[PDB]
Amino acid sequence: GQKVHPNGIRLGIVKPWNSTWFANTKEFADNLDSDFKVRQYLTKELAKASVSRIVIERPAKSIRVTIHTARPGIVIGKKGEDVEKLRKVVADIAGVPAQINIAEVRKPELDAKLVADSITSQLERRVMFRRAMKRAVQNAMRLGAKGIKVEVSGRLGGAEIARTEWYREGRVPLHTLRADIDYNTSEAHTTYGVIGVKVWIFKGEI
Amino acid sequence: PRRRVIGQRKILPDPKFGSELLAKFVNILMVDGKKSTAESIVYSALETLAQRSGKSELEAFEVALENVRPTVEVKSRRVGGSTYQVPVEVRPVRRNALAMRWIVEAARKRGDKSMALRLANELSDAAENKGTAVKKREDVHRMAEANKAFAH
Amino acid sequence: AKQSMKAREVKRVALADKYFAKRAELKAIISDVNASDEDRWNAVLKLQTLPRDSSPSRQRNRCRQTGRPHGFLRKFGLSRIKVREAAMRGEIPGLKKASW
RNA sequence: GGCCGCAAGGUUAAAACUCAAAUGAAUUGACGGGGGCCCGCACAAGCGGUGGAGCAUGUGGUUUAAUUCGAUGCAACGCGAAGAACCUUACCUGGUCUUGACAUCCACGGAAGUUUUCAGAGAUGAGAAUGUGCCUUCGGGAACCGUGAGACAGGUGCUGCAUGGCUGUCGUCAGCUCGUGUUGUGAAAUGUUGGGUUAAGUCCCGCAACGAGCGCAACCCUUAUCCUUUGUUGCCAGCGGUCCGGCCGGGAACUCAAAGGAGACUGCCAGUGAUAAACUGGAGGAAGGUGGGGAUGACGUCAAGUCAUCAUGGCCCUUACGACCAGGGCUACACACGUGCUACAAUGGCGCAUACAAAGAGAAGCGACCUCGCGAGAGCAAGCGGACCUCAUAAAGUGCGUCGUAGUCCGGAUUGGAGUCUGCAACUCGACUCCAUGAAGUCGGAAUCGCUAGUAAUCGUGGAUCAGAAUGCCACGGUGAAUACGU
Ligand SMILES: [Mg+2]
Ligand SMILES: [Mg+2]
Ligand SMILES: [Mg+2]
Ligand SMILES: [Mg+2]
Ligand SMILES: [Mg+2]
Ligand SMILES: [Mg+2]
Ligand SMILES: [Mg+2]
Ligand SMILES: [Mg+2]
Ligand SMILES: [Mg+2]
Ligand SMILES: [Mg+2]
Ligand SMILES: [Mg+2]
Ligand SMILES: [Mg+2]
Ligand SMILES: [Mg+2]
Ligand SMILES: [Mg+2]
Ligand SMILES: [Mg+2]
Ligand SMILES: [Mg+2]
Ligand SMILES: [Mg+2]
Ligand SMILES: [Mg+2]
Ligand SMILES: [Mg+2]
Ligand SMILES: [Mg+2]
Ligand SMILES: [Mg+2]
Ligand SMILES: [Mg+2]
Ligand SMILES: [Mg+2]
Ligand SMILES: [Mg+2]
Ligand SMILES: [Mg+2]
Ligand SMILES: [Mg+2]
Ligand SMILES: [Mg+2]
Ligand SMILES: [Mg+2]
Ligand SMILES: [Mg+2]
Ligand SMILES: [Mg+2]
Ligand SMILES: [Mg+2]
Ligand SMILES: [Mg+2]
Ligand SMILES: [Mg+2]
Ligand SMILES: [Mg+2]
Ligand SMILES: [Mg+2]
């Protein structure tokens with residue numbers, strides 16, 4: 001059968017939203033449209049910066065964007081010569097003045113998005129999927145994670161028939177609401193087609 | 001059911017007679033959840049019958065009730081393609097239920113002008129063994145009489 | 001959808017908001033009860049002159065991302081599929097699964 | 001062929017030709033018109049329907065220039081589509097374009113826009129005035145318009161049997177595995193079997209097994225009882241005035257609103273039980289053994305559905321399988337099926353008068369009051385971004401009168417005349433109003449569906465989509481049953 005989104009079912013319990021502004025009906029569609037464009041752009045340039053999440057907030061007639069990254073030095077640039085240009089382009093796109101903050105991600109091997117992106121890159125570079133999946137599981141578990149599950153599906157190895165394979169260690173109780181689960185996905189465009197990757201990481205009870 | 005967990009549900013007494021049995025009769029006669037119409041109809045019929053008899057509503061209803069209620073029925077039991085018609089007794093609550101249901105269904109099929117008149121005429125007839133309800137009871141009794149060879 | 005449909009929608013919006021005021025004034029003239037039927041006839045003949053795409057009724061709601069013309073929701077500006085996709089990632093503020 | 005026999009036949013006993021296997025024992029599943037033990041509106045016990053009539057709507061077939069495409073046993077058929085006059089539109093006929101309706105690169109004339117006229121169904125072609133700037137090292141960079149080439153753009157074209165993502169179903173069924181140890185030459189087994197018990201691989205005891213994971217249960221939302229804080233636009237018990245209007249002065253008791261707590265745990269009593277798990281009953285309490293309802297869908301099955309939400313390998317077209325416009329079609333019609341609505345009446349039809357809800361929406365919007373019209377509506381026009389204003393008198397119910405069993409004072413299909421509103425535009429092909437007309441239908445063959453309580457049945461109200469267009473879909477309250485011996 002099908003499973004519920006691990007993020008969606010815990011938004012009122014343990015997980016917070018990625019957008020934290022208020023608006024009436026007349027502003028709502030425009031706000032989502034601008035947020036979509038901003039996130040797409042920052043994803044476009046900052047690909048080699050290992051950015052996990054982009055939080056967008058709208059205090060009053062302005063905007064504040066906080067990006068979480070594992071390589072803050074390359075994002076910042078030289079004494080801030082890049083944050084200002086990114087700020088100016090975001091201000092151009094959104095139509096309001098902007099301010100940008102950088103948050104460092106300690107232990108980047110415990111973030112599901114980063115692991116998914118790493119696995120995708122390795123698959124693109126022609127690496128055997130079992131090798132990469134086992135490395136991901138070992139790296140996550142050595143840093144104190146309570147559990148990790150990694151699933152890869154698609155036309156594996158260039159075969160004529162697609163299939164799905166997954167590995168798991170620890171506890172991953174998806175039916176427990178209060179539990180802290182980070183779940184995220186990625187796609188790889190190999191010479192034979194697309195390969196999908198999903199990662200679940202279980203951290204703590206409350 | 002397979003579990004045998006149910007109990008029994010409480011029933012309220014009738015408005016102006018203080019009787020549960022009349023309330024059950026009203027419920028049997030009700031359609032679509034319109035209880036007020038059914039209770040007015042039954043009250044009118046009972047009043048007319050009491051006037052045309054003189055005893056009361058209560059024991060007149062009771063007297064009609066002993067004349068329609070059954071005492072033994074049949075149940076089917078498949079064996080090898082055909083069916084045994086085994087006779088079994090009826091509990092008193094089921095006796096009352098069957099009597100009231102037969103009475104109401106017989107009264108619904110008549111050609112008078114109002115349902116109150118239909119019910120009053122039918123129940124007055126049944127008070128002394130002339131209606132279709134007593135005929136149905138006699139047929140049930142006869143059919144249960146024939147197949148007593150399988151009554152263990 | 002096709003890029004042609006998106007171009008057509010953009011052009012229709014442009015023509016509509018370019019001719020809004022003139023359409024308003026001609027329609028106001030026609031809708032009046034105290035006037036001259038000759039003026040009403042002239043106004044009717046003039047209203048047909050404008051390009052058909054200037055009518056607001058010629059525009060179809062579509063998803064801001066994919067262009068799907070079915071399943072729109074006015075509150076968000078997206079069809080059902082994209083609403084669910086975005087809402088499951090916490091990108092729509094205050095929205096969550098309901099149960100009552 | 002020989003030998004034997006009355007015969008039926010016995011006995012000794014080949015070859016050509018043809019295939020890549022045929023066969024024994026044991027292992028894991030699946031199946032049995034095999035055997036035990038359980039469950040489920042599965043039967044039984046009851047209530048109301050469908051299959052017959054008229055109409056709405058989807059499908060098959062036939063027809064057509066076109067009737068665009070997909071879903072098509074359970075698990076397709078009021079399905080994608082939460083709303084086809086033009087647009088949507090993907091289809092047909094005709095008229096037009098070729099670096100192009102939509103992006104980047106180079107060269108050149110360049111404001112952006114505002115009214116205009118002729119020809120044309122429009123696409124488009126030609127023409128007439130006007131602002132021609134804005135930071136600017138006066139070199140201009142350039143929001144953005146036209147021309148010239150190619151590198152390219154474009155494809156709702158094919159393959160869901162090349163794929164990602166998403167969904168249906170078995171099934172909210174109680175199952176599905178792993179590490180180490182042991183047993184077997186081995187596929188494998190044990191654990192996960194046995195006695196009780198539960199809704200449950202739920203729990204207790206024994207055991208060559210010892211432990212662990214995903215499932216079950218708990219954490220989440222709402223409803224039922226009480227407590228504390230705050231009282232406006234919400235409330236009015238005790239006081240003063242009244243135009244009888246909580247209307248005013250006032251009060252924080254009460255309904256109510258929304259934040260935070262208590263509460264239900266087999267907690268206590270009795271009996272059985274293997275002193276265990278547990279089971280039957282009782283007290284208190286708003287609620288008793290999972291109190292009610294929702295969310296939550298294990299490992300997998302069906303090469304199940306979706307290349308037309310999107311993304312994508314490979315194939316295919318490039319003055320056309322890409323692009324623009326007008327008109328038409330998707331709404332046809334000897335017929336067959338699915339899902340619905342309205343009826344066939346007296347537990348009713350009609351007339352007059354009068355009680356009692358919940359939930360929700362509102363700025364290119366909801367729209368009161370007053371006037372006109374029999375009516376749909378029209379004119380003027382307060383209030384509201386809302387516990388304040390509008391939508392917006394709830395209906396079934398109740399009291400009085402009539403009709404008195406008739407194809408009717410039941411039923412409201414079809415048809416003629418006159419209009420209203422939205423919209424450039426109601427012929428094909430919209431909804432609604434008034435007058436006239438008054439069809440089949442008297443409870444439905446063989447068959448067949450739903451439901452265990454605030455449920456079935458019946459009566460009204462709101463929302464999304466939306467210029468206009470619900471008998472469909474998603475929500476909310478009023479009245480309120482029958483039956484369950486049993487497997
Ligand atoms: Mg496209
Ligand atoms: Mg439209
Ligand atoms: Mg011989
Ligand atoms: Mg012989
Ligand atoms: Mg064999
Ligand atoms: Mg064998
Ligand atoms: Mg068996
Ligand atoms: Mg069996
Ligand atoms: Mg039955
Ligand atoms: Mg029919
Ligand atoms: Mg079709
Ligand atoms: Mg097909
Ligand atoms: Mg349906
Ligand atoms: Mg059309
Ligand atoms: Mg698939
Ligand atoms: Mg060994
Ligand atoms: Mg098992
Ligand atoms: Mg086993
Ligand atoms: Mg065993
Ligand atoms: Mg056992
Ligand atoms: Mg367990
Ligand atoms: Mg659960
Ligand atoms: Mg008690
Ligand atoms: Mg008790
Ligand atoms: Mg297939
Ligand atoms: Mg498939
Ligand atoms: Mg198919
Ligand atoms: Mg296709
Ligand atoms: Mg057209
Ligand atoms: Mg159609
Ligand atoms: Mg009538
Ligand atoms: Mg009749
Ligand atoms: Mg009429
Ligand atoms: Mg049940
Ligand atoms: Mg209801």
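Numbers restart at 1 for each chain; the letters A, B, ... are given by sequence-line order, proteins then strands. Just so it is clear, the values below take in all heavy atoms, side chains as well, and ignore hydrogens, waters and symmetry mates.
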OG-CZ distance between A:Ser153 and A:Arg163, expressed to the nearest 0.5 angstrom: 11.5 Å
A:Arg163 (side chain) and D:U163 (base): donor-acceptor pair under 3.5 Å: no
Whole-Å gap separating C1' (D:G120) and CD (C:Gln48): 16 Å
Output field: Watson-Crick/G-U pair D:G282 D:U28, thresh under 3.5 Å: no
Output field: Watson-Crick/G-U pair D:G271 D:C279, thresh under 3.5 Å: yes
Under 3.5 Å for both distances: D:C476 and D:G460 as a Watson-Crick or G-U pair: yes
C:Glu25 CD - D:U115 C1' separation (whole Å): 13 Å
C1' spacing across the pair D:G48 / D:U64, given as an integer number of angstrom: 46 Å
Nucleotides 212-218 of chain D: protein proximity per nucleotide (B base, S sugar-phosphate only, - neither; heavy atom, under 4.0 Å): -SSSS-B
Contact list for residues 83-106 of chain B, test salt bridge (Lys or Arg N to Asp or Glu O under 4.0 Å), sequence neighbours left out: B:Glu73-B:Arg94, B:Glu105-B:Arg108
Stack test, strand neighbours D:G419 and D:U420, 5.5 Å, 30°: yes
D:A413 on D:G412: ring centroids within less than 5.5 Å and planes tilted under 30°: no
Salt bridge A:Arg53-A:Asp182, side-chain N to carboxylate O under 4.0 Å: no
Atom P, compared across D:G340 and D:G52: separation rounded to whole Å: 14 Å
Rounded interatomic separation in angstrom, taking CD1 from A:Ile206 and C1' from D:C219: 9 Å
WC/wobble flag for D:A320 and D:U185, Watson-Crick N1-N3 plus second contact under 3.5 Å: no
Qualifying residues under side-chain hydrogen bond (donor to acceptor under 3.5 Å, both in side chains), relative to A:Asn7, sequence neighbours excluded: none
Base pairing of D:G58 with D:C178 (Watson-Crick or G-U, both distances under 3.5 Å): no
Test item: A:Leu123 and A:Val197 side chains (from C-beta on) under 4.5 Å apart, heavy atoms: yes
Pair flag D:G211 x D:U230, Watson-Crick or wobble criteria, under 3.5 Å: no
Pairing between D:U59 and D:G338, Watson-Crick or G-U, 3.5 angstrom cut-off on both: no
4.5 Å side-chain heavy-atom contact, A:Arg126 and A:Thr191: no
Interatomic distance, B:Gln8 CD vs D:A453 P [rounded to whole Å]: 15 Å
Touch class at under 4.0 angstrom, heavy-atom based, for A:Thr190 against every strand present: nothing
Pairing between D:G329 and D:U309, Watson-Crick or G-U, 3.5 angstrom cut-off on both: no
Per-nucleotide protein contact string for nucleotides 86-92 of chain D, where B marks a base within reach and S marks sugar-phosphate only (heavy atoms under 4.0 Å, - for neither): BSSSS--
A:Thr190 and A:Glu124 side chains, donor-acceptor separation under 3.5 Å: no
For C:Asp17, salt bridge (charged side-chain N to carboxylate O under 4.0 Å, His left out) partners two or more places apart: none
WC/wobble flag for D:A378 and D:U342, Watson-Crick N1-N3 plus second contact under 3.5 Å: no
Phosphate OP1/OP2 of D:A298 contacted by A:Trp166 side-chain N/O (<4.0 Å): no
SB check C:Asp53 C:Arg58 (cutoff 4.0 Å): yes
D:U339 and D:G454 base-paired, Watson-Crick or G-U, both contacts under 3.5 Å: no
Close approaches to RNA chain D from residues 112-131 of chain A, in residue order (heavy atom, under 4.0 Å): none
is_stacked(D:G157, D:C158) at 5.5 Å centroid, 30° plane limits: yes
Which atom pairs, donor and acceptor, lie under 3.5 Å between side-chain atoms of residues 82-100 of chain C and protein residues at least two apart or in another chain?
{"residue": "C:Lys82", "atom": "NZ", "partner": "C:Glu85", "partner atom": "OE2", "Å": "3.3"}

Nearest-Å distance once atom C1' is located in both D:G362 and D:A121: 43 Å
Whole-Å gap separating P (D:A298) and CH2 (A:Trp200): 12 Å
Interatomic distance, A:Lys26 NZ vs D:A361 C1' [rounded to whole Å]: 20 Å
Members of residues 135-161 of chain A that approach RNA chain D, where some heavy atom sits under 4.0 Å away: A:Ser153, A:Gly154, A:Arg155, A:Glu160, A:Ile161
Contact pattern, 5' to 3', of nucleotides 479-487 of chain D - B, S or - by protein heavy atom under 4.0 Å: BSSSBBSBB
For nucleotides 403-405 of chain D, give me every protein contact, N/O to N/O, under 3.5 Å, one pair per line with atom names.
{"residue": "D:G404", "atom": "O2'", "partner": "B:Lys113", "partner atom": "NZ", "Å": "3.0"}
{"residue": "D:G404", "atom": "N2", "partner": "B:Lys113", "partner atom": "O", "Å": "3.2"}
{"residue": "D:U405", "atom": "OP2", "partner": "B:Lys113", "partner atom": "NZ", "Å": "3.2"}
{"residue": "D:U405", "atom": "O4", "partner": "B:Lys113", "partner atom": "O", "Å": "3.1"}

Among D:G80, D:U167, D:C424, the one nearest C:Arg80 by side-chain distance: D:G80
Under 3.5 Å side-chain donor-acceptor pair for A:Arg58 and A:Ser34: yes
Distance (rounded to the nearest 0.5 Å) between A:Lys198 NZ and A:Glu151 CD: 5.0 Å
Any residue meeting side-chain hydrogen bond (donor to acceptor under 3.5 Å, both in side chains) with C:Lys46, in chain and number order, not counting sequence neighbours: none
Spacing of the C1' atoms in D:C256 and D:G385 (rounded, Å): 25 Å
Residues in side-chain hydrogen bond (donor to acceptor under 3.5 Å, both in side chains) contact with A:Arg10, at least two apart in sequence or another chain: none
